[PDB]
Protein chains: 6
Amino acid sequence: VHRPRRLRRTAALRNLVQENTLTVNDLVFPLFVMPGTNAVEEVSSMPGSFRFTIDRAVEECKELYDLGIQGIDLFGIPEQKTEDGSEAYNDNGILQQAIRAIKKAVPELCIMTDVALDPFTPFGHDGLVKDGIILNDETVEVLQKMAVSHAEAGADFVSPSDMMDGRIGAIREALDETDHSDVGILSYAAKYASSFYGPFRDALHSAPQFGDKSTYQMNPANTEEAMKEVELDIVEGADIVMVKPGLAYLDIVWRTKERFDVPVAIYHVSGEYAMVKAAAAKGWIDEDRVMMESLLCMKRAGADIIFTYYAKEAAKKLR
Amino acid sequence: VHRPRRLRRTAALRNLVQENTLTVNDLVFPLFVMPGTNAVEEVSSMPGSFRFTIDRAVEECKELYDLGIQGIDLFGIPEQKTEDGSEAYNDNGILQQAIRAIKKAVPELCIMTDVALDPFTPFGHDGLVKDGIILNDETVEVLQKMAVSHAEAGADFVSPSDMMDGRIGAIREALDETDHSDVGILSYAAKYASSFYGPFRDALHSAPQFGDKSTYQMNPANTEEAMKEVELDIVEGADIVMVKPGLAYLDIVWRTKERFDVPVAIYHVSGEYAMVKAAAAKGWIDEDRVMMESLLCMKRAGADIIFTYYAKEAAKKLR
Amino acid sequence: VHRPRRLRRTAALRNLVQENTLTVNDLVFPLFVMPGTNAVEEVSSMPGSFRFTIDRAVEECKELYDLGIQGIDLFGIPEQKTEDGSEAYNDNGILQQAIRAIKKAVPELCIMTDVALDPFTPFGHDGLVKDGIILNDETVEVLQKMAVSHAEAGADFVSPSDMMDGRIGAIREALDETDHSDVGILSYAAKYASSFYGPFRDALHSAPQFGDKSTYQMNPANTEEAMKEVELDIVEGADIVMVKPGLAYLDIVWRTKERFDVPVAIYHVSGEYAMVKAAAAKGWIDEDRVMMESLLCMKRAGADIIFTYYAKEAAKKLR
Amino acid sequence: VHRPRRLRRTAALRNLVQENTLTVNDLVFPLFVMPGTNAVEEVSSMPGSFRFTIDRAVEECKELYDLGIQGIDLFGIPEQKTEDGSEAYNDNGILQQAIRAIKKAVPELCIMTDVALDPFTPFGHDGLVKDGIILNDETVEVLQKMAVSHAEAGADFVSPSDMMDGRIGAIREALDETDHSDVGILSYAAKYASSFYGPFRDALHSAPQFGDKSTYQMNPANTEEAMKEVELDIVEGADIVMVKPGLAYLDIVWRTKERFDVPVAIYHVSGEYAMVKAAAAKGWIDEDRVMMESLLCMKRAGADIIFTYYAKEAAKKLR
Amino acid sequence: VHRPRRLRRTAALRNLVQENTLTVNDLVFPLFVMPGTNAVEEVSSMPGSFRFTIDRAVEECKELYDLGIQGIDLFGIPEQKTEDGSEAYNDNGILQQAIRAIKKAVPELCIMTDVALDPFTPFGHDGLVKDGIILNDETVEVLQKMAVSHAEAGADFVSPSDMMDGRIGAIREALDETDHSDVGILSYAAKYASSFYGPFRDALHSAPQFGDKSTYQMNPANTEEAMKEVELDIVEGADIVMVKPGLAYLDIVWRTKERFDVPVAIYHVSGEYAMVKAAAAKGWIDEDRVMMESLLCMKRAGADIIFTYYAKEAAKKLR
Amino acid sequence: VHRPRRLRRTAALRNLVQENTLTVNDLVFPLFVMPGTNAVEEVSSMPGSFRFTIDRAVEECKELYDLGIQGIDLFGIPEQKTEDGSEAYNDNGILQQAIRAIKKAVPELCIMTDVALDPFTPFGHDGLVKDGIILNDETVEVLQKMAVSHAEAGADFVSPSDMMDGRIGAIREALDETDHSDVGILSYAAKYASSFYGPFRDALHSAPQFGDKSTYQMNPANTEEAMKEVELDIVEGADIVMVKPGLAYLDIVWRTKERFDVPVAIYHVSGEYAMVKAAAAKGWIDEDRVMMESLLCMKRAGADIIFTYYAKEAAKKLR
Ligand SMILES: *C(CCC(=O)O)CC[C@H](*)CCC(=O)O
Ligand SMILES: *C(CCC(=O)O)CC[C@H](*)CCC(=O)O
Ligand SMILES: *C(CCC(=O)O)CC[C@H](*)CCC(=O)O
Ligand SMILES: *[C@H](CCC(=O)O)CC[C@@H](*)CCC(=O)O
Ligand SMILES: *[C@H](CCC(=O)O)CC[C@@H](*)CCC(=O)O
Ligand SMILES: *[C@H](CCC(=O)O)CC[C@@H](*)CCC(=O)O
Ligand SMILES: [Mg+2]
Ligand SMILES: [Mg+2]
Ligand SMILES: [Mg+2]
Ligand SMILES: [Mg+2]
Ligand SMILES: [Mg+2]
Ligand SMILES: [Mg+2]
């Protein structure tokens with residue numbers, strides 16, 4: 001009686017019933033900005049990924065937008081790393097310059113900016129360290145000024161990847177106070193303590209991360225705790241809530257979409273990206289096929305936004 | 001605290017968070033075929049719609065598929081109308097000739113065929129009439145042969161618009177018996193007794209429709225009864241289920257999608273089409289914008305397939 | 001075994017099981033009030049619709065109530081349009097006079113009043129414009145005084161169609177402060193950026209609307225975002241929540257009714273009205289049948305109140 | 001913040017927000033028919049209710065339909081009572097004569113017929129008795145013939161009040177076999193062992209009811225068991241399901257409507273009717289107001305059809 | 001296969017599976033206290049009901065508790081009725097004396113006290129009347145002092161039957177402020193504007209109730225609005241929430257129990273009581289059977305507490 | 001108020017609250033068997049994976065079970081490939097020899113056997129090919145015999161990976177007929193048309209896979225269709241249901257577990273395995289940590305059984 005294969009008999013039927021499709025409007029391109037002029041350094045552990053000087057990020061953002069990419073996520077690599085991480089909220093900071101430069105050149109592009117102290121401190125942590133303890137409230141107060149700093153330079157969205165308690169609310173208070181109630185917050189609501197973050201940590205040159213990040217980042221075994229975490233951020237006022245990492249976390253994505261009535265974002269992490277890249281170099285997989293299939297998997301799971309290092313290559317195929 | 005306008009501040013942000021999108025793959029173009037060679041009669045009450053000869057129907061389907069449309073829905077206008085409606089299951093019938101011709105020329109296109117006795121009988125009803133009563137089981141037995149007839153001509157899908165009880169299960173049985181278990185059924189599961197079908201009625205020249213069709217077509221006031229209708233049709237083995245009419249019935253479309261786990265189809269009826277067309281001719285509305293917005297509304301309501309007479313125009317804009 | 005057609009066999013059975021019915025108590029008549037004495041101007045793009053002088057609105061409200069209509073929605077057309085839109089909260093305003101006059105003549109009628117700056121400003125926007133940006137908070141403070149102004153003149157309900165963030169709460173604070181805790185608020189909770197608003201914009205003579213209204217009005221593709229929008233307004237204290245537009249938005253209506261335990265209102269928009277009117281002028285549809293069927297569709301979708309320009313014609317048929 | 005009294009401040013507002021309404025189309029009038037010509041005996045325990053002769057029953061039905069009542073429920077009082085209850089399926093039985101006479105005179109009225117052995121047997125039970133045991137399957141086999149008998153006389157619906165297991169499926173089978181698959185079944189799905197049926201019992205003169213009917217009629221303490229009872233009856237093929245008694249059973253009515261997607265019917269029992277009637281005669285209550293409020297309560301509980309002895313009085317007021 | 005009658009075959013099986021049972025712990029006895037010494041007046045419209053002088057209420061409360069009744073609801077009939085209703089919060093009031101006397105004699109009994117201005121004012125309303133408008137906030141401030149007055153005299157629970165907005169919260173604030181955070185509140189959360197309250201209004205001799213109570217008491221047609229009403233009272237801090245009236249409102253009771261995780265109370269109103277009493281006087285029903293069946297109906301619907309005038313007669317049978 | 005980091009402050013607290021854990025009992029080791037004696041060929045595209053001879057397969061299973069692995073999944077590589085794939089049901093086939101040998105040596109281990117025609121046919125598809133069409137019912141009839149063949153050799157479970165319609169029910173029928181109603185079925189219920197199966201394909205040497213397998217394997221874009229697929233398979237009688245591929249499909253795994261009440265299995269595909277393996281060889285990721293985290297992710301998604309090529313390595317670490 002029931003033969004499901006009827007909806008798969010032809011390409012002309014599979015497209016009709018196809019529940020989900022990937023578009024360029026689902027893609028956000030992360031951009032690493034280092035100091036200097038006219039230099040582009042390839043990440044050794046992320047083939048195809050690059051460190052960009054401000055002038056080169058500007059031109060990259062032209063190519064990105066012309067391909068139809070709507071948003072970018074900016075990551076800063078400072079020349080000086082300090083224990084108090086005060087360079088994070090420097091108005092003359094490399095990140096701040098990048099925002100200001102890109103907003104001038106490509107105004108129609110949405111500039112999302114990372115709000116974390118990870119590459120701004122010698123300990124390699126998202127927050128301030130005292131006696132081996134990564135502090136909560138002391139960090140958030142630094143995070144407040146950082147988000148203000150980004151909004152000041154002209155940023156559209158701030159994306160705090162710190163995983164501190166109640167930072168989203170404080171940042172909302174901080175941004176509202178400084179005439180930026182129109183600058184949005186993409187919370188990294190359920191960021192897990194993953195072993196998939198390798199290639200990202202050498203890409204930002206962040207100094208030895210010391211002890212692991214299990215004091216604040218989620219236990220990879222937990223599902224219910226992600227639901228608690230996301231809700232707190234929505235009550236705090238987050239416009240968009242993200243789950244990280246991506247591929248092996250598509251179950252959390254589904255739970256967040258089915259339950260919260262808020263745009264869902266996902267991170268196609270460096271490790272996932274390096275996995276596809278290394279296996280294709282050996283000839284064991286097809287890079288193009290796996291990268292696109294995995295991006296469609298994220299759309300099926302219920303993600304609306306995908307922060308991916310394959311965004312530009314994905315943009316070219318969806319033209 | 002909460003400012004939803006943040007996700008509306010720029011075209012860049014609106015596109016990232018946009019929950020639903022319209023594609024060429026959500027469109028099916030209904031096609032009316034009349035007897036003769038090389039003639040295209042425009043429908044008076046549907047500007048832009050045409051009665052096609054088998055040879056010019058082929059011409060249209062080349063143009064349709066090249067624009068990226070995956071499926072068509074065929075309607076036949078027979079030279080002769082009989083009380084027993086036997087021409088419906090004629091193997092040399094115009095409908096059958098059109099299927100066989102289109103399938104030869106453009107094989108990669110999905111041919112869906114209307115299974116109803118409306119234009120084949122002088123009484124203008126979907127079934128066989130006796131003493132003013134439109135008969136159920138006697139009709140289905142004729143419909144069984146009709147559906148088999150289409151499959152024999154080369155049809156991919158059959159779309160029974162009759163609204164007789166238990167027709168789908170019997171058609172499934174009849175199709176399975178004649179080695180066509182790979183031919184699908186798109187059921188008009190919740191088809192309503194609407195006054196929006198005016199322009200469709202004179203388009204197929206169907207003879208005096210007599211009294212209304214409230215004895216079998218659903219009461220426009222009923223919601224819970226659409227759920228009952230759809231289920232029976234799924235248990236019977238429908239691959240796709242349809243809600244008709246479209247615009248003013250998007251609540252039913254949403255109920256069907258949230259409850260049944262089966263591809264949902266919808267009909268953008270001739271009345272809706274003529275309504276946009278007549279108001280645009282006066283300059284009171286923008287044709288392109290209203291037609292596209294109404295199509296987006298249907299995707300939002302949770303439809304996957306849209307039977308629309310604007311399909312080709314919409315395809316041109318999404319190209 | 002199961003033959004649903006049994007409940008459709010006769011008119012005497014269809015009425016018994018009929019899930020929903022339209023009554024006069026479901027209808028609200030929108031009224032446009034222009035300055036002057038003894039003048040009634042027909043809207044060129046809305047046949048059957050009229051611009052009313054105060055003395056003529058009074059007499060119209062007699063005919064409306066005598067037919068059994070319980071509520072009216074007042075729209076003002078001022079002689080002077082100012083960039084600050086201060087005429088909106090003028091106690092001697094044409095809208096205010098209308099409220100005061102109608103309340104004297106027909107006390108038993110519920111006067112709902114529009115709270116938006118659309119026809120009161122040269123830019124044709126629901127709010128105040130600065131550097132091309134339609135302001136949020138600055139607008140709401142003007143909206144506060146406007147609602148107070150209406151309540152002062154004797155209005156029963158205020159219906160803010162502005163689509164600003166947090167206006168409903170502020171208006172509730174504003175009305176509570178000025179001894180009007182008994183004057184209700186019908187929020188336009190999920191008003192979409194539609195291309196169906198044409199004939200309404202020329203009816204209020206509102207000056208060229210400049211750029212589109214996508215910064216605040218909802219994306220026609222969004223369903224989940226409407227659920228977020230409605231809830232915020234209910235927490236803010238809205239007595240009634242409306243979805244706009246109507247016919248092609250019946251899915252949102254269903255979601256709002258099934259989830260919020262609050263009276264649901266809907267807007268039968270000018271474009272929908274002009275569509276039925278233009279097609280009937282051509283003879284392609286039956287005006288009476290389509291207008292009533294579409295009103296029943298709204299009752300089926302779960303609406304309690306219908307703001308419709310066919311209200312009086314609908315009232316006459318339901319007598 | 002929240003003031004619900006805002007929607008109660010005026011008759012104009014109460015009517016707009018009113019969730020449910022009572023219509024003539026929700027009313028079915030039960031009619032008792034006795035042997036003889038031209039005689040109307042008033043029931044002592046039901047003031048306003050009458051025993052009717054076939055000829056005066058016709059007279060009543062003209063008056064009923066002209067007031068707008070769509071359906072009647074017929075009860076027969078036979079001249080002779082036999083232990084095998086064979087008069088129930090007599091083709092010249094008074095019930096059958098009444099069906100055939102009413103259907104000729106007022107054809108546009110829906111005739112529903114009681115299928116029970118209560119007034120046809122000396123033991124006063126719904127089924128056949130053996131050794132003090134009211135038999136199940138032996139009863140249903142008699143009920144099958146009874147239902148067929150009514151269909152043969154011209155009945156539109158059969159309403160089996162017996163509360164035997166699996167009776168509906170068998171009646172459906174029996175009706176389908178005898179070319180009556182178009183005749184519906186209104187099942188007394190959750191009929192309770194109530195003490196409210198006093199005035200109904202002497203009205204049909206049913207001989208000494210013996211011991212109570214707790215062996216088959218539901219325990220007034222059971223909720224979950226009504227859900228079990230109703231489902232079996234729907235799977236068996238009931239078109240409408242009924243809850244009995246009415247007023248004190250509105251919770252069951254709500255459970256049935258929220259869970260089953262099938263038209264729900266209810267019985268306004270003789271005891272409820274006599275209760276209002278006796279208290280009004282003392283001047284302790286207002287008859288008109290209580291009868292109407294109780295009918296509104298049933299519509300609110302989610303019933304669509306109401307079997308009530310006040311049907312004609314209610315029809316007069318809704319006219 | 002499935003024969004439900006198996007669980008009804010014997011009394012020894014019906015008791016095992018019986019889902020719900022009525023106990024004495026489900027019963028609360030309402031008590032009307034008039035001024036004077038050694039006098040008991042029978043309510044003409046409520047046979048079996050009595051007006052009690054303080055000394056006679058004390059002795060009645062002995063008989064009530066000895067039968068196993070845990071709670072009583074006290075209603076006051078003052079010698080003087082004033083427009084400001086200041087006698088309501090008089091420490092020397094007849095109600096206050098009753099509380100104090102009964103608490104001395106039967107300490108183990110739970111004294112619940114009515115908090116409404118109905119029999120304390122000449123207009124016969126639950127609140128203070130100004131220009132025909134029954135005031136909200138002005139009433140609640142009087143209600144605050146009334147509840148304090150009751151708690152002062154030694155009351156256990158206060159049961160506000162006023163149906164004013166936000167009274168439960170204010171009374172909670174008022175009781176908390178005056179060292180009575182341990183005195184509970186049984187809110188009349190969803191009290192409907194019923195025509196069943198007749199015999200209660202003459203029992204308290206309350207002066208002509210003037211215009212009806214539709215400005216604050218619920219529309220008998222509304223279900224969703226009861227859900228909104230109950231929640232507000234639970235957020236305000238109500239320990240117990242009641243639905244009124246009882247029998248014809250068992251659907252609201254079910255909705256309240258299934259959704260709110262809070263003890264549910266119900267009122268077996270005077271009109272329901274007078275209905276059973278009048279019909280039994282005629283011999284049409286069995287008083288004992290109907291009274292107990294209807295009390296079990298309330299337990300089935302999900303009520304925990306039943307305010308009933310048959311409580312003592314019910315207590316005697318459940319001994 | 002809320003600080004989730006409290007449950008992350010120490011390893012002592014993280015372990016107490018940890019929602020999910022990985023055990024040796026959640027692991028199944030897939031085993032490839034080739035013809036010959038005493039030979040172990042390592043897969044070029046899967047480092048760590050091996051082609052085993054029946055005798056060395058036994059050797060492996062001793063080592064596997066001693067580490068605590070409860071189940072294995074056997075794949076056969078036949079010396080000869082025929083178009084009818086008859087070697088699949090050969091009783092002296094290598095697969096059958098391996099079952100019979102392993103079951104003798106290590107009896108306490110659960111032998112699960114792959115039921116597919118992929119490595120047995122030159123066309124490289126799961127079913128029989130005719131005119132470019134992979135046949136359904138003709139395939140299942142061969143699969144029936146195959147499953148019976150395994151049961152005859154001594155298999156405990158059969159795991160059909162074919163993705164033909166209605167194969168499970170027929171296999172259940174076929175197994176029950178041949179006195180093997182105690183042999184289970186682990187259905188590949190939602191197997192997707194993935195590009196992750198590269199390294200598995202050359203491992204079993206399966207001849208040119210021809211065109212893709214989108215005619216029967218699920219579209220990676222479909223969520224609702226996995227729910228439809230799984231249900232049919234459960235109604236057919238599957239004891240365990242599987243989702244494939246794994247990591248990028250954890251949303252489907254969660255949907256299946258939350259809805260179906262049947263043990264959920266998952267496949268850690270060769271592509272995922274090669275991805276971790278290739279990236280670790282470059283030193284971009286930690287092999288041990290990523291492999292274990294991905295396995296934990298699967299347990300979190302709600303899987304109970306995990307088919308993984310890292311099973312033995314994982315078993316060593318959990319020892
Ligand atoms: C139903 C209508 C048949 C009829 O009444 O003629 C099947 C075809 C639907 C077409 C919709 C339209 O374009 O009106
Ligand atoms: C059930 C009652 C039969 C009986 O016990 O006599 C079927 C008829 C219901 C009538 C309800 C009433 O009016 O009491
Ligand atoms: C499905 C894949 C068959 C094929 O396409 O060769 C059944 C076996 C799954 C193995 C998964 C893997 O390791 O790739
Ligand atoms: C979160 C993780 C920081 C770290 O531990 O390196 C902030 C940035 C996420 C992207 C990581 C990736 O691409 O893997
Ligand atoms: C909302 C839309 C304003 C506009 O854009 O014109 C306020 C009034 C709604 C009615 C519009 C209609 O009737 O189409
Ligand atoms: C609510 C109703 C007051 C009234 O209108 O009389 C407070 C007391 C309820 C009991 C009424 C009854 O027993 O009917
Ligand atoms: Mg957090
Ligand atoms: Mg059907
Ligand atoms: Mg809003
Ligand atoms: Mg039954
Ligand atoms: Mg209240
Ligand atoms: Mg399957």
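Below, chain A is the first sequence line, B the second, and so on; all start at residue 1. Atoms within a ligand are numbered from 1 in the order they appear, just like the ligands themselves. Because only heavy atoms are used, hydrogens play no part in the values below, and waters and symmetry mates are left out as well, while side chains stay in.
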Considering only heavy atoms, which of [options] lies nearest to [atom]?
atom                   : options                                : result
atom 6 (O) of ligand 3 : F/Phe307, F/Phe200, F/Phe75, F/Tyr197  : F/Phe200
atom 2 (C) of ligand 3 : F/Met163, F/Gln209, F/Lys191           : F/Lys191
atom 5 (O) of ligand 3 : F/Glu272, F/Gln217, F/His268, F/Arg201 : F/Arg201

Identify, by atom number and element, the atoms of ligand 2 in contact range of [X], meaning under 4.0 Å from any of its heavy atoms.
X        : result
D/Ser270 : 12 (C), 13 (O), 14 (O)
D/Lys213 : 3 (C), 4 (C), 5 (O)
D/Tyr267 : 10 (C), 11 (C), 13 (O)

Any chance the side chains of [X] and [Y] put a donor and an acceptor closer than 3.5 Å?
X        : Y        : answer
F/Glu272 : F/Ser294 : no
F/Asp126 : F/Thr139 : no
D/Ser161 : D/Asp114 : yes
D/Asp202 : D/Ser45  : yes

Inset, instruction - Walk me through it: do D/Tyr267 and D/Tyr309 pass the test side chain to side chain donor-acceptor pair (under 3.5 Å)? - result: CA-CA 9 Å; D/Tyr267 213 114; D/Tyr309 307 104; 2.8 Å; yes
Donor-acceptor check, side chain of [X] to backbone of [Y], threshold 3.5 angstrom: yes or no?
X        : Y        : result
E/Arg167 : E/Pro160 : yes
A/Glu293 : F/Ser195 : yes
F/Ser206 : F/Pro119 : no

Legend entry - From OG1 (F/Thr215) to CD1 (F/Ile134), nearest 0.5 Å: 4.5 Å
Legend entry - Euclidean distance, D/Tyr216 OH relative to D/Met164 CE, rounded to 0.5 Å: 5.5 Å
Legend entry - N/O separation below 3.5 Å, E/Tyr267 to ligand 6: no
Inset, instruction - Decide whether an N or O pair under 3.5 Å exists between D/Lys244 and ligand 2. - result: no
With a 4.0 Å cut-off on heavy atoms, is [X] in contact with ligand 6?
X        : value
E/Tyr273 : no
E/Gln209 : no
E/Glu272 : no

Legend entry - Per-atom contacts of ligand 3 with F/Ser161, taking only distances under 4.0 Å to non-hydrogen atoms: 7 (C)
Please identify which atoms of ligand 6 are closer than 4.0 Å to at least one heavy atom of [X].
X        : answer
E/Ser161 : 7 (C)
E/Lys213 : 3 (C), 4 (C), 5 (O)
E/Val269 : 12 (C), 13 (O), 14 (O)
E/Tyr309 : 10 (C), 12 (C), 13 (O)
E/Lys191 : 1 (C), 2 (C), 3 (C), 7 (C), 8 (C), 9 (C)
E/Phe196 : 14 (O)
E/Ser270 : 12 (C), 13 (O), 14 (O)

Inset, instruction - Determine whether the side chain, the backbone, both or neither of D/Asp118 has a heavy atom under 4.0 Å from any heavy atom of ligand 2. - result: side chain
Inset, instruction - Determine, step by step, whether F/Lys191 and F/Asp162 satisfy the salt bridge (charged side-chain N to carboxylate O under 4.0 Å, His left out) criterion, reporting the C-alpha distance in whole Å, the side-chain angles of both residues, the deciding distance to 0.1 Å, and the verdict. - result: CA-CA 9 Å; F/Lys191 197 187 211 270; F/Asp162 55 282; over 6 Å; no
Inset, instruction - Name the closest protein heavy atom to atom 9 (C) of ligand 6, giving the residue it belongs to and the distance to 0.1 Å. - result: E/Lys244 NZ, 1.3 Å
Legend entry - atom 13 (O) of ligand 2 - nearest protein heavy atom and its distance: D/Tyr309 OH, 2.4 Å
Inset, instruction - Kindly indicate whether a cation-pi arrangement holds for D/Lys213 with D/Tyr192, taking the cut-offs as under 6.0 Å to the six-membered ring centre and within 45° of the axis. - result: no
Inset, instruction - Validate the cation-pi geometry between F/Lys244 and F/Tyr197: distance from NZ or CZ to the six-membered ring centre under 6.0 Å, angle to the ring axis within 45°. - result: yes
Legend entry - Electrostatic pair F/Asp212:A/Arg289 at N-O distance under 4.0 angstrom: no
Inset, instruction - Between E/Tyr197 and ligand 6, find which residue part has any heavy-atom pair under 4.0 Å and reply side chain, backbone, both or neither. - result: both
